[PDB]
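Undergrad: My questions will all concern the structure given below.
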Amino acid sequence: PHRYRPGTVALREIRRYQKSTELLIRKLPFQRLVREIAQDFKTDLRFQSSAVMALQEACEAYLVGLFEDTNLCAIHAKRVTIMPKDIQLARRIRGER
Amino acid sequence: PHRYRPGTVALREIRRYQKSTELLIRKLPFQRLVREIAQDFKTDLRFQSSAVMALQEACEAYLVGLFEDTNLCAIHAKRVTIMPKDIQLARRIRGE
Amino acid sequence: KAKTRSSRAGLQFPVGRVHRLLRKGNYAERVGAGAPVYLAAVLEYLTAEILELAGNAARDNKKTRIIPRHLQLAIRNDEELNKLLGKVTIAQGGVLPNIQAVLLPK
Amino acid sequence: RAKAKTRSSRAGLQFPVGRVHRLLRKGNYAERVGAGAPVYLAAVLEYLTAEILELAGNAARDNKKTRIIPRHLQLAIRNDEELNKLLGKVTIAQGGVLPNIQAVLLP
Amino acid sequence: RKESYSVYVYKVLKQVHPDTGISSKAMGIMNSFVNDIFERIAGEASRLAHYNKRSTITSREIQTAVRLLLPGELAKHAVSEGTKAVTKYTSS
Amino acid sequence: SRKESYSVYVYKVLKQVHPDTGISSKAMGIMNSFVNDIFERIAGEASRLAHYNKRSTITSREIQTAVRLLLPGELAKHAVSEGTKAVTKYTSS
Amino acid sequence: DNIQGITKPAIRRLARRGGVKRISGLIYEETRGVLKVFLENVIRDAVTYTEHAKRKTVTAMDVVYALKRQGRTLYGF
Amino acid sequence: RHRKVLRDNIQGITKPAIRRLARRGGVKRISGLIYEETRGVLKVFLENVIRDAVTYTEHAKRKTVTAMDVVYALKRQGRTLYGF
Amino acid sequence: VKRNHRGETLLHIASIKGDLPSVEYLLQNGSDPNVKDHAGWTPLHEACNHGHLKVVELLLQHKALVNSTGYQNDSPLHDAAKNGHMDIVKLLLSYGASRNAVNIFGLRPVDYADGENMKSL
Amino acid sequence: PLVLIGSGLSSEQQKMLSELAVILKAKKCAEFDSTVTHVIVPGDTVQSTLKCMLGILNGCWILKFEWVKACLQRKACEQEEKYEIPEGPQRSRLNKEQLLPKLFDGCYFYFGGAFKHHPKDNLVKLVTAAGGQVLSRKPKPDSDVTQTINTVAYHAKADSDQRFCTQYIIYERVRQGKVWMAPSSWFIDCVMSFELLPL
Amino acid sequence: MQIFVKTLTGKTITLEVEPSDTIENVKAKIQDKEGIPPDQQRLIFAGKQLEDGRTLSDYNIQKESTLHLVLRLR
DNA sequence: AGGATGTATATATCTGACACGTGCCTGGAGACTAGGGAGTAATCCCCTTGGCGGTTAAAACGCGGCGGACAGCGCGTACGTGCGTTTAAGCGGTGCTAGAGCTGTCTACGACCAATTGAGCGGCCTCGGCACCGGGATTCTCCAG
DNA sequence: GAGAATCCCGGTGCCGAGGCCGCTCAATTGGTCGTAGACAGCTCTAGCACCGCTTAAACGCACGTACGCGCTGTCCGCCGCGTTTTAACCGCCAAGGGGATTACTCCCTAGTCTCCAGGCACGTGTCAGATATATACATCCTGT
């Protein structure tokens with residue numbers, strides 16, 4: 001057997017995923033989530049395809065930005081992990097209550 | 001030789017200044033600052049009396065709003081004071 | 001006689017001035033007849049709400065007028081008006097009082 | 001009647017001038033539009049488009065390809081200092097992120 | 001000859017709170033408030049009337065504009081007040 | 001006939017600034033929305049600048065001021081210049 | 001209950017694209033909450049725009065306008 | 001027909017003024033290097049506002065910056081002001 | 001050395017309005033004659049610009065620089081021409097005022113005069 | 001009002017300079033402030049550190065460690081103008097002590113590419129301390145904003161082609177109109193000799 | 001001193017002049033190589049029309065600059 | 001410092017997306033006329049810059065001592081890495097009604113012009129609510145037991 | 001249990017809110033005219049519900065190694081208070097640039113026929129880029 005020590009494969013993942021462009025979250029569960037949320041404001045709604053694609057793109061952008069801000073906040077306090085307090089602080093400075 | 005201990009006068013000043021409405025930036029220096037920058041951009045200007053007051057109000061509200069989030073970031077790291085690193089994290093997260 | 005348009009609708013805010021401002025402000029080619037009788041009511045309701053909540057806090061401090069501090073205190077305690085006016089600065093107002101829970105003495 | 005010479009040719013432009021005129025008149029921006037505004041608008045728009053498409057092709061020829069896909073426009077936009085503050089609230093589709101790893105995570 | 005909504009605010013205040021008054025540095029704030037809300041609502045209604053290939057800015061446009069701009073609870077009261085006013089006006 | 005686009009006009013500028021490159025399909029959509037955004041912004045600013053001073057038209061000066069307001073840094077001092085050139089080639093014909 | 005379709009590895013991949021290196025164990029629930037709020041707002045505005053014009057199909061321009069009303073322009077469509 | 005100027009005037013915004021602003025903010029203990037940072041931020045903000053104000057003024061062929069111009073500038077940036 | 005709000009020292013105010021005994025006292029008491037303001041002017045500059053000959057004489061007689069530059073790199077001769085005078089030009093030229101220095105716009109002092117005798121030199 | 005600053009002294013030498021200044025009772029400085037009107041350089045040749053270059057550009061003395069030794073021995077005030085590093089960082093003081101313009105008074109610069117041997121912020125600070133200005137886009141030699149500039153550049157030679165053409169592109173045909181192209185070596189040499197050497 | 005002139009069809013013509021001439025001479029030199037008559041040409045430089053009767057150096061033109069040429073027919 | 005896993009090169013081949021081509025229908029161009037928005041001169045008078053001076057509220061300089069920030073070392077549990085097992089995403093088919101677009105008539109709603117009259121703006125003017133000042137009361141903190 | 005600081009209670013003076021008057025300019029009434037928006041009606045692009053399968057990705061368990069979090073010392077940086085030196089704030093007088101209105105004459109833009117070239121939907125074809133392959137070689141660890 002031969003192992004890498006902790007903290008090495010993570011850097012490889014960082015380098016890989018920051019160079020591609022494919023979509024990350026799967027495609028069918030997102031469709032079902034959107035339909036189940038929107039099924040409380042009307043009754044017989046129908047969706048095109050560009051609609052779910054656009055929603056997915058915007059959601060991914062939002063979450064990636066949030067995680068960048070959280071990481072900066074975490075490093076600011078002499079740590080390397082991230083925890084819920086960081087998400088709360090980032091979102092409260094931004095102005096989203 | 002009576003003497004308070006460090007930490008009490010600050011709370012009193014907080015309570016006093018949070019319950020009063022008045023400008024605290026010494027008008028005439030502020031006027032000269034605005035005129036200096038204006039001299040930078042164009043030549044031989046002249047200001048009304050209301051422009052300077054509007055600018056004073058806006059530029060005080062901005063700084064108060066910044067210092068609140070600075071204090072939050074400082075508390076977040078198990079400290080009581082503010083240093084010149086918190087301002088930068090605040091301005092970075094905000095988007096400026 | 002002549003029954004004015006704002007008095008046959010039950011309102012107090014005007015109805016003709018809004019018509020003129022909608023017609024000569026470059027918003028569309030034509031403005032219908034039931035267009036101002038809605039804007040007037042909405043504006044009146046919002047103003048009544050704000051003024052009532054301001055007068056209350058004005059009374060709770062042993063005074064009989066309204067100065068800007070009272071409007072500032074009545075806006076930042078409503079949890080539904082604080083969202084509509086979030087990027088606004090009232091002149092000659094102030095800030096709400098709150099000290100954090102850690103900096104207090106033991 | 002003489003031979004027709006279009007308005008986009010007298011100014012030495014490539015964007016249209018008839019289309020900009022028509023869209024400025026039937027969009028309710030004012031009650032009457034001058035006869036010199038469309039040319040100004042067309043010139044400005046053409047300059048911006050040229051400035052972006054010149055910077056895209058450099059990053060295109062870097063990775064040894066002969067087309068322009070959205071990743072290249074994202075790179076070219078996010079790597080300049082003035083074109084960033086103008087488009088600082090837009091998100092390109094099928095784009096990505098700039099490479100940046102913090103310096104207190106390396107071995 | 002300038003214009004200002006400085007007489008109607010008085011009537012609303014006299015009918016909600018009988019014995020009170022307004023200082024001069026507090027009428028300008030109400031003026032600016034009314035003007036800003038007017039501009040927001042009318043602008044959104046205009047854009048919504050243009051996104052459909054139509055030319056008249058009717059009442060449904062204002063309804064949808066109010067339902068988009070104002071937050072949750074205030075919307076129901078606002079819509080009810082407007083509808084009551086309009087139906088009383090068209091009845092007579 | 002049907003919906004109109006700005007796609008026949010980006011290709012020409014491309015062939016003029018870079019003579020050996022093409023452009024994909026989605027990139028054309030990006031470049032086709034980028035123009036509409038800027039158009040609407042500039043027109044909307046010129047309208048209000050005409051409404052404040054009690055005027056009633058849109059002329060070249062309004063567009064000049066609208067451009068100088070909402071373009072940052074050294075992108076103004078270039079664009080303005082370009083614009084002027086066009087008008088001077090127009091009145092002289 | 002369909003919020004569980006956003007699994008654990010998906011959140012890890014988004015985090016990696018962010019730039020983080022070590023994730024904690026109580027970070028997933030908060031992510032799901034934030035996502036729910038965002039989607040709720042956008043979808044409600046879109047359905048209002050759709051119901052206005054007397055239709056029954058949410059199209060792409062509706063979502064584009066809904067995102068534009070908050071500062072998320074989203075070129076591309 | 002000469003021309004005079006002004007320089008080095010950001011020092012009138014002294015130390016106790018920054019302290020009073022911080023007190024109204026909510027802080028309790030202040031370090032000894034926040035002052036230069038505060039002055040820098042203030043200068044940047046004021047420049048960004050006065051530029052647009054002077055542009056509006058020079059459009060209408062006037063020579064005095066009025067009160068409505070600062071209001072229009074601040075509304076352009078993103079922060080409105082009620083009172084004038 | 002308590003300066004004004006514009007940069008001007010006491011010698012500047014003394015020079016901008018001829019008060020020769022005051023300048024004599026101020027100089028004998030000790031005051032450096034080469035101190036620029038916020039724009040870049042020097043006492044000799046204003047002295048030669050407004051048109052008082054005796055003050056230029058007194059300043060020159062105490063080792064003041066003769067080719068110093070200022071706003072947009074204008075020499076004393078530049079102002080002495082652009083306004084129009086007779087005596088100060090002769091005095092300066094006798095003292096060694098450079099007649100070939102150039103300003104930021106690329107012009108020479110000869111290009112800023114109107115008189116025939118002025119253009120003669 | 002003498003001040004002090006160091007540009008390569010030793011730790012023991014640093015303590016020695018501290019003690020010498022204390023004996024002189026003058027304010028010291030670690031970060032490069034504006035009023036730093038004295039710089040001590042270890043060796044006997046003008047080095048290529050950022051501090052020494054900023055010192056020669058702002059204008060002050062560049063003295064050697066022999067002066068430190070002499071001040072330690074004689075214990076008196078000072079004796080200047082005997083150990084100044086000659087031949088090139090001397091015309092700068094002579095230029096600043098006679099009310100003349102700065103070096104790059106009327107030039108425009110643009111940086112572009114990847115810089116490895118030297119960072120970017122350092123060069124930007126050097127340019128903005130010299131007297132010129134920095135640009136933000138590439139100066140194409142066919143645009144109106146480049147052709148409509150009338151600013152002769154002082155400090156050039158008597159009559160040459162570096163008097164009407166004053167724009168530069170710097171990286172890490174040589175004159176197409178009014179725009180040049182030059183490597184970083186020419187810049188960093190131009191600073192440490194106080195003369196716009198041609199081409 | 002060489003000088004470039006540019007025409008709306010996208011071409012470049014080169015000329016050689018001295019810095020004390022007059023616009024009429026430049027138009028004559030242009031007609032000596034183009035063919036258009038010297039009564040229908042108008043030149044543009046730095047956003048302003050040029051009149052006939054002044055010297056080149058008055059408008060601050062130096063070596064290796066560019067002028068634009070426009071006709072008057074249509 | 002070999003041994004073992006990734007990542008980069010180089011070369012086959014192969015399918016589906018880009019660049020060019022040709023009828024032809026709707027929107028841009030040349031030539032003319034009628035009316036009102038904006039460019040250009042004069043002239044009245046409100047309000048911004050530049051000085052002078054006495055008085056007292058804030059800014060600048062210094063000192064002795066305590067609470068907090070930054071660097072050490074010592075435990076114990078929560079998260080990173082490689083495996084073998086079980087769930088359901090993605091691809092490619094085919095049948096199908098519901099709802100988005102287009103077209104052709106025909107009528108109820110808003111721009112436009114004229115004549116007559118009350119609401120809302122500018123200026124005067126006088127009494128009550130608030131700002132400013134001295135005096136006992138009561139709450140809150142620190143050294144000492 | 002004492003010191004300083006904050007809250008009430010009268011007490012005099014002073015200017016800005018709340019009414020009031022003529023009159024001027026926009027809102028109301030009473031008409032006609034040319035054209036958007038409601039409402040039937042027929043054609044056909046695209047979205048929802050199914051089925052089988054091949055294989056990439058989500059679940060579940062084990063072991064051991066950094067990293068989070070709670071202690072205990074050492075000492076330089078910042079708060080609080082009293083004396084001295086600087087320039088803001090207030091009230092006052094004088095001179096001249098430029099913001100707001102008012103008129104008169106002319107050049108620039110909306111509104112209408114007419115005809116000729118620039119741009120859109122539809123076809124058909126050849127080359128740049130995505131995939132499978134062997135392997136050449138550039139980091140990462142554990143042993144000594």
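All residue names refer to the structure tokens as shown: chains lettered A, B, ... in order, residues numbered from 1 in each chain, ligands numbered from 1 in order.
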Contacts of region 55-69 of chain H at 10 Å or less, counting only C-alpha atoms (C1' of nucleotides), minus same-chain residues fewer than 4 places along, as a ChimeraX atom specification?

TA: /B:41-55 /F:49,52-53,61-62,64-66,68-69 /H:50-51,73-75,84 /L:48 /M:98-99

Undergrad: Just write the chosen residues, N, CA, C and O atoms (P, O5', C5', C4', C3', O3' and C1' of nucleotides), as a short mmCIF file (atom, residue, chain, number, x, y, z; two decimals), in the first residue's frame.

TA:
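Final output, part-v7.cif:
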data_model
loop_
_atom_site.label_atom_id
_atom_site.label_comp_id
_atom_site.auth_asym_id
_atom_site.auth_seq_id
_atom_site.Cartn_x
_atom_site.Cartn_y
_atom_site.Cartn_z
N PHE B 41 -10.37 69.22 -10.02
CA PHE B 41 -11.09 68.79 -11.23
C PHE B 41 -11.33 69.91 -12.24
O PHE B 41 -11.16 69.71 -13.44
N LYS B 42 -11.76 71.09 -11.78
CA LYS B 42 -11.98 72.22 -12.69
C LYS B 42 -11.34 73.47 -12.12
O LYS B 42 -10.60 73.39 -11.14
N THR B 43 -11.60 74.64 -12.71
CA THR B 43 -10.92 75.87 -12.33
C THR B 43 -11.91 76.96 -11.96
O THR B 43 -12.89 77.19 -12.68
N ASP B 44 -11.65 77.63 -10.83
CA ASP B 44 -12.39 78.82 -10.39
C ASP B 44 -13.87 78.52 -10.15
O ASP B 44 -14.76 79.10 -10.78
N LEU B 45 -14.12 77.61 -9.22
CA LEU B 45 -15.48 77.24 -8.86
C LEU B 45 -15.95 78.06 -7.67
O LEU B 45 -15.18 78.79 -7.04
N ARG B 46 -17.24 77.94 -7.36
CA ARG B 46 -17.79 78.56 -6.16
C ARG B 46 -19.01 77.77 -5.72
O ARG B 46 -19.84 77.38 -6.55
N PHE B 47 -19.12 77.52 -4.42
CA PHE B 47 -20.12 76.64 -3.86
C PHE B 47 -21.23 77.42 -3.17
O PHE B 47 -21.00 78.49 -2.61
N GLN B 48 -22.43 76.86 -3.19
CA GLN B 48 -23.54 77.37 -2.40
C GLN B 48 -23.29 77.03 -0.94
O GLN B 48 -22.23 76.51 -0.57
N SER B 49 -24.26 77.32 -0.08
CA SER B 49 -24.15 76.95 1.33
C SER B 49 -24.77 75.60 1.64
O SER B 49 -24.46 75.02 2.68
N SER B 50 -25.63 75.09 0.77
CA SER B 50 -26.31 73.83 1.06
C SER B 50 -25.51 72.62 0.58
O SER B 50 -25.63 71.53 1.15
N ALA B 51 -24.68 72.80 -0.45
CA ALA B 51 -23.90 71.69 -0.98
C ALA B 51 -22.97 71.12 0.08
O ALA B 51 -22.85 69.90 0.24
N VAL B 52 -22.30 72.00 0.83
CA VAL B 52 -21.36 71.54 1.84
C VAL B 52 -22.08 70.77 2.94
O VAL B 52 -21.58 69.75 3.42
N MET B 53 -23.27 71.23 3.33
CA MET B 53 -24.01 70.52 4.37
C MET B 53 -24.46 69.15 3.90
O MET B 53 -24.37 68.16 4.66
N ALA B 54 -24.97 69.05 2.67
CA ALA B 54 -25.35 67.74 2.15
C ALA B 54 -24.16 66.79 2.13
O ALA B 54 -24.28 65.62 2.55
N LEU B 55 -23.01 67.27 1.66
CA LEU B 55 -21.83 66.42 1.62
C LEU B 55 -21.43 65.98 3.03
O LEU B 55 -21.05 64.83 3.23
N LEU F 49 -31.36 63.55 -18.01
CA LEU F 49 -30.59 64.79 -18.14
C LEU F 49 -31.34 65.83 -18.95
O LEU F 49 -31.17 67.03 -18.72
N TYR F 52 -34.26 67.29 -16.46
CA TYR F 52 -33.96 68.18 -15.33
C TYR F 52 -33.94 69.64 -15.75
O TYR F 52 -34.53 70.49 -15.07
N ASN F 53 -33.27 69.97 -16.85
CA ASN F 53 -33.09 71.34 -17.27
C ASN F 53 -34.26 71.90 -18.07
O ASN F 53 -34.11 72.92 -18.73
N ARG F 61 -24.94 66.79 -27.10
CA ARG F 61 -24.34 67.10 -25.81
C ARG F 61 -24.89 66.20 -24.71
O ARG F 61 -24.16 65.81 -23.78
N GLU F 62 -26.17 65.86 -24.79
CA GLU F 62 -26.75 64.95 -23.81
C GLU F 62 -26.05 63.61 -23.84
O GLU F 62 -25.75 63.03 -22.79
N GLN F 64 -23.00 63.06 -24.87
CA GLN F 64 -21.65 63.25 -24.36
C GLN F 64 -21.62 63.18 -22.84
O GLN F 64 -20.79 62.48 -22.25
N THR F 65 -22.54 63.88 -22.19
CA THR F 65 -22.57 63.88 -20.74
C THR F 65 -22.98 62.51 -20.19
O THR F 65 -22.43 62.05 -19.19
N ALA F 66 -23.94 61.85 -20.85
CA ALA F 66 -24.32 60.51 -20.43
C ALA F 66 -23.14 59.56 -20.49
O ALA F 66 -22.96 58.72 -19.60
N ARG F 68 -19.87 60.41 -20.31
CA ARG F 68 -18.88 60.76 -19.31
C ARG F 68 -19.31 60.40 -17.90
O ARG F 68 -18.46 60.26 -17.02
N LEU F 69 -20.61 60.25 -17.65
CA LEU F 69 -21.06 59.90 -16.31
C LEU F 69 -20.78 58.44 -15.98
O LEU F 69 -20.26 58.13 -14.91
N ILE H 50 -17.64 64.25 -5.95
CA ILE H 50 -17.50 65.60 -6.48
C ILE H 50 -17.31 65.58 -7.99
O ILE H 50 -17.72 66.52 -8.69
N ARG H 51 -16.72 64.51 -8.54
CA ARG H 51 -16.56 64.47 -10.00
C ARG H 51 -17.91 64.57 -10.71
O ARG H 51 -18.10 65.41 -11.60
N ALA H 73 -26.00 63.25 -7.85
CA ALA H 73 -24.81 62.42 -7.81
C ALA H 73 -24.98 61.25 -6.85
O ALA H 73 -24.73 60.09 -7.21
N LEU H 74 -25.40 61.54 -5.62
CA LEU H 74 -25.54 60.47 -4.64
C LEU H 74 -26.60 59.46 -5.06
O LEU H 74 -26.47 58.27 -4.74
N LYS H 75 -27.63 59.88 -5.79
CA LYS H 75 -28.58 58.90 -6.30
C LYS H 75 -27.98 58.07 -7.42
O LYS H 75 -28.35 56.91 -7.59
N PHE H 84 -33.33 67.77 1.07
CA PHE H 84 -33.19 68.91 0.18
C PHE H 84 -33.82 68.59 -1.17
O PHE H 84 -34.67 69.33 -1.66
P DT L 48 -25.42 81.81 -1.61
"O5'" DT L 48 -23.86 81.62 -1.89
"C5'" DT L 48 -23.38 81.73 -3.22
"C4'" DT L 48 -22.13 82.57 -3.30
"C3'" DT L 48 -21.01 82.22 -2.31
"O3'" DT L 48 -19.83 81.87 -3.01
"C1'" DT L 48 -21.29 84.53 -2.53
P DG M 98 -18.45 84.91 -12.76
"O5'" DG M 98 -19.99 84.57 -12.59
"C5'" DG M 98 -20.47 84.13 -11.34
"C4'" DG M 98 -21.98 84.12 -11.30
"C3'" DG M 98 -22.67 83.34 -12.41
"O3'" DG M 98 -23.71 82.60 -11.86
"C1'" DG M 98 -23.54 85.51 -12.30
P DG M 99 -24.23 81.28 -12.58
"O5'" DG M 99 -25.74 81.15 -12.07
"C5'" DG M 99 -25.99 81.02 -10.67
"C4'" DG M 99 -27.34 81.62 -10.30
"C3'" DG M 99 -28.55 80.94 -10.91
"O3'" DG M 99 -29.63 80.96 -9.99
"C1'" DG M 99 -28.52 83.19 -11.54
#

Undergrad: Near region 136-145 of chain J, within 10 Å and counting only C-alpha atoms (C1' of nucleotides), which residues show up once chain neighbours fewer than 2 positions away are dropped, as a PyMOL selection string?

TA: (chain D and resi 80-82) or (chain F and resi 73-75+77-82+85) or (chain J and resi 108-112+134+147-149+167-169+175-180) or (chain K and resi 45-47+64-66)

Undergrad: Next, write the just-selected residues to a file, as a compact mmCIF listing (two decimals), in the first residue's frame, keeping N, CA and C atoms as the atom set.

TA:
# COMPACT_ATOMS: atom_id res chain seq x y z
N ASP D 80 -8.84 42.71 -17.03
CA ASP D 80 -8.56 44.13 -17.15
C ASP D 80 -9.09 44.88 -15.93
N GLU D 81 -8.57 46.09 -15.72
CA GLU D 81 -8.86 46.82 -14.50
C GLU D 81 -9.99 47.83 -14.64
N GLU D 82 -10.24 48.34 -15.85
CA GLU D 82 -11.34 49.27 -16.07
C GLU D 82 -12.58 48.60 -16.63
N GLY F 73 -12.91 55.91 -15.56
CA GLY F 73 -11.49 56.07 -15.79
C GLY F 73 -11.17 56.55 -17.19
N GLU F 74 -10.20 55.88 -17.82
CA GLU F 74 -9.67 56.30 -19.10
C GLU F 74 -10.44 55.73 -20.28
N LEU F 75 -11.58 55.09 -20.05
CA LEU F 75 -12.43 54.69 -21.15
C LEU F 75 -13.31 55.82 -21.65
N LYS F 77 -12.27 59.31 -21.83
CA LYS F 77 -11.41 60.18 -22.61
C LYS F 77 -11.05 59.61 -23.97
N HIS F 78 -11.24 58.32 -24.20
CA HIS F 78 -11.13 57.75 -25.53
C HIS F 78 -12.44 57.77 -26.29
N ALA F 79 -13.49 57.18 -25.71
CA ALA F 79 -14.76 57.04 -26.43
C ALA F 79 -15.25 58.38 -26.95
N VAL F 80 -15.34 59.37 -26.07
CA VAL F 80 -15.74 60.72 -26.47
C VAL F 80 -15.02 61.13 -27.74
N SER F 81 -13.69 61.04 -27.74
CA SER F 81 -12.93 61.45 -28.91
C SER F 81 -13.45 60.79 -30.17
N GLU F 82 -13.53 59.46 -30.16
CA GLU F 82 -14.04 58.74 -31.32
C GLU F 82 -15.35 59.34 -31.79
N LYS F 85 -15.20 62.56 -33.87
CA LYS F 85 -14.74 62.36 -35.23
C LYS F 85 -15.90 62.09 -36.17
N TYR J 108 5.03 59.88 -20.33
CA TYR J 108 3.92 58.98 -20.07
C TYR J 108 4.39 57.54 -20.27
N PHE J 109 3.98 56.65 -19.37
CA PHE J 109 4.49 55.29 -19.34
C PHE J 109 3.35 54.29 -19.34
N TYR J 110 3.60 53.11 -19.91
CA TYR J 110 2.65 52.02 -19.85
C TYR J 110 3.36 50.69 -19.68
N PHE J 111 2.96 49.93 -18.67
CA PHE J 111 3.54 48.64 -18.35
C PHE J 111 2.65 47.52 -18.85
N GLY J 112 3.26 46.51 -19.46
CA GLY J 112 2.47 45.42 -20.01
C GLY J 112 3.24 44.13 -20.19
N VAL J 134 1.11 57.54 -15.17
CA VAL J 134 0.89 56.17 -15.60
C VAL J 134 -0.40 56.11 -16.40
N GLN J 147 -2.27 61.64 -30.62
CA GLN J 147 -1.74 62.68 -31.49
C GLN J 147 -1.95 64.07 -30.93
N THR J 148 -2.97 64.27 -30.11
CA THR J 148 -3.25 65.60 -29.56
C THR J 148 -2.67 65.73 -28.15
N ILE J 149 -1.34 65.66 -28.09
CA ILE J 149 -0.60 65.94 -26.86
C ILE J 149 0.57 66.82 -27.25
N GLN J 167 6.08 59.25 -25.13
CA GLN J 167 5.29 58.14 -24.61
C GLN J 167 6.09 56.85 -24.71
N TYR J 168 5.92 55.97 -23.73
CA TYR J 168 6.75 54.77 -23.65
C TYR J 168 5.94 53.54 -23.30
N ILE J 169 6.29 52.42 -23.94
CA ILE J 169 5.80 51.09 -23.60
C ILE J 169 6.97 50.32 -23.01
N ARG J 175 10.42 53.11 -33.13
CA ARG J 175 9.69 54.35 -32.88
C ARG J 175 8.66 54.51 -33.99
N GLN J 176 7.42 54.14 -33.70
CA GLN J 176 6.33 54.25 -34.66
C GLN J 176 5.46 55.44 -34.26
N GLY J 177 5.87 56.62 -34.71
CA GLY J 177 5.09 57.82 -34.45
C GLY J 177 5.56 58.59 -33.23
N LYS J 178 4.84 58.47 -32.12
CA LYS J 178 5.24 59.07 -30.86
C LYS J 178 5.32 58.05 -29.73
N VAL J 179 5.34 56.76 -30.05
CA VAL J 179 5.41 55.70 -29.05
C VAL J 179 6.70 54.92 -29.24
N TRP J 180 7.41 54.68 -28.14
CA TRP J 180 8.64 53.91 -28.13
C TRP J 180 8.37 52.49 -27.65
N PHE K 45 -8.51 66.80 -39.09
CA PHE K 45 -7.42 66.42 -38.20
C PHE K 45 -7.78 66.79 -36.77
N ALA K 46 -7.95 65.78 -35.92
CA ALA K 46 -8.20 65.97 -34.49
C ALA K 46 -9.52 66.70 -34.24
N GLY K 47 -10.57 66.25 -34.92
CA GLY K 47 -11.91 66.77 -34.70
C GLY K 47 -12.08 68.26 -34.92
N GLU K 64 5.10 62.06 -39.19
CA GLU K 64 4.36 60.82 -39.00
C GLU K 64 3.05 61.05 -38.22
N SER K 65 2.16 61.81 -38.84
CA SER K 65 0.80 61.99 -38.36
C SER K 65 -0.18 61.54 -39.43
N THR K 66 -1.47 61.59 -39.11
CA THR K 66 -2.50 61.09 -40.01
C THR K 66 -3.60 62.12 -40.18

Undergrad: Let's see if you can do this: from backbone DSSP, list all strand (DSSP E or B) residues in chain B, as a PyMOL selection string.

TA: chain B and resi 46-47+81-82

Undergrad: I'd like the contact shell of residue 42 (chain C) - 8 Å cut-off, only C-alpha atoms (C1' of nucleotides), skipping same-chain residues fewer than 2 positions apart - returned as a ChimeraX atom specification.

TA: /C:38-40,44-46 /E:78-79,81-82

Undergrad: Print the selection's residues with N, CA and C atoms to a file, as a compact mmCIF listing (two decimals), in the first residue's frame.

TA:
# COMPACT_ATOMS: atom_id res chain seq x y z
N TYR C 38 -55.76 55.01 -8.61
CA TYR C 38 -55.08 53.94 -7.89
C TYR C 38 -53.81 54.43 -7.21
N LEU C 39 -53.00 55.17 -7.96
CA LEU C 39 -51.78 55.74 -7.43
C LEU C 39 -52.07 56.65 -6.25
N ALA C 40 -53.15 57.44 -6.34
CA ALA C 40 -53.49 58.35 -5.26
C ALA C 40 -53.77 57.58 -3.96
N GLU C 44 -51.60 57.67 -0.43
CA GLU C 44 -52.26 58.12 0.79
C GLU C 44 -52.12 57.10 1.91
N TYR C 45 -52.32 55.82 1.59
CA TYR C 45 -52.21 54.79 2.62
C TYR C 45 -50.81 54.75 3.22
N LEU C 46 -49.79 54.75 2.36
CA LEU C 46 -48.42 54.67 2.88
C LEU C 46 -48.10 55.87 3.77
N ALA E 78 -52.60 47.49 0.50
CA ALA E 78 -52.53 48.48 -0.56
C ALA E 78 -53.48 48.14 -1.70
N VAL E 79 -53.46 46.88 -2.14
CA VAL E 79 -54.31 46.46 -3.25
C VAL E 79 -55.78 46.61 -2.88
N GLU E 81 -57.16 48.74 -0.74
CA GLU E 81 -57.51 50.16 -0.73
C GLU E 81 -57.71 50.68 -2.14
N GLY E 82 -56.78 50.38 -3.03
CA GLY E 82 -56.91 50.84 -4.40
C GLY E 82 -58.16 50.32 -5.09

Undergrad: CA of residue 183 (chain J) and CA of residue 4 (chain K), how far apart in Å?

TA: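 CA of residue 4 (chain K) sits 29.0 Å away from CA of residue 183 (chain J).
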